[PDB]
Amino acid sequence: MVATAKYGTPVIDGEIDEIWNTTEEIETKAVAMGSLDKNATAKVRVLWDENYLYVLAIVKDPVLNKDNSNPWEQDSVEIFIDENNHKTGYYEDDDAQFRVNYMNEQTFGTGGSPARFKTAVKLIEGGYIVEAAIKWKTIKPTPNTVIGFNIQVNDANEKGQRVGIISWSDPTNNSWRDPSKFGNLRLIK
């Protein structure tokens, strides 16, 4: 799976800047658990600049819940990055997993850090919008640079149980440990 992200700097606040319209929209259709018509999915747009990667995820989710003690089992969005795009079967120093729930609470998997994660969440009719900025750790991107990338939507029900796991490039729920499951994102001017 391949996608592109246009150069640009949006304001992280949960509001949709006009600039988001200049970049393509990708959908989370890779199902690991649940179904596209019954579980949470997101419409995603990506932008970038020399210091950060920006992600706008509009999540469809009629029932919001975060009762489960496991952060990945609360309604949330996870963002995966492979800066050198080695597509290894495990996380290298440059690889990271970031997570933020509908309450804008951040959690981190391997490689993720709050020092490199700025987020805002705005609830909308039928779901919520996540707008994030991830600071580059090991690279200073230039046009046509290609990174490994994925975005996952965790869907929890009224019972505090995760019933849906859907992402862009991974239908196996191994993104948290296997960068080879990420797709390719070309950073274009």
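All residue numbers refer to positions in the sequence shown, first residue = 1.
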Checklist entry - Which is higher in the entry, the mean Cα B factor of 45-53 or that of 138-146? => result 138-146
Next on the checklist: If you average the CA temperature factors as listed in the entry, which stretch comes out higher, 64-72 or 160-168?
Outcome noted: 64-72
Checklist entry - What third of the chain, by the recorded C-alpha B-factor, contains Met33? => result middle
Checklist entry - Lowest, middle or highest third of the chain for the C-alpha temperature factor of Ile124? => result highest
Item to check | Where the record places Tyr90 (Cα B-factor, split into thirds across the chain) | outcome: highest
Next on the checklist: Per the entry's values, where does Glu24 land by CA temperature factor relative to the rest of its chain, in the lowest, middle or highest third?
Outcome noted: lowest
Checklist entry - Going by what the PDB entry lists, where does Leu185 fall on CA B-factor within its chain: lowest, middle or highest third? => result lowest
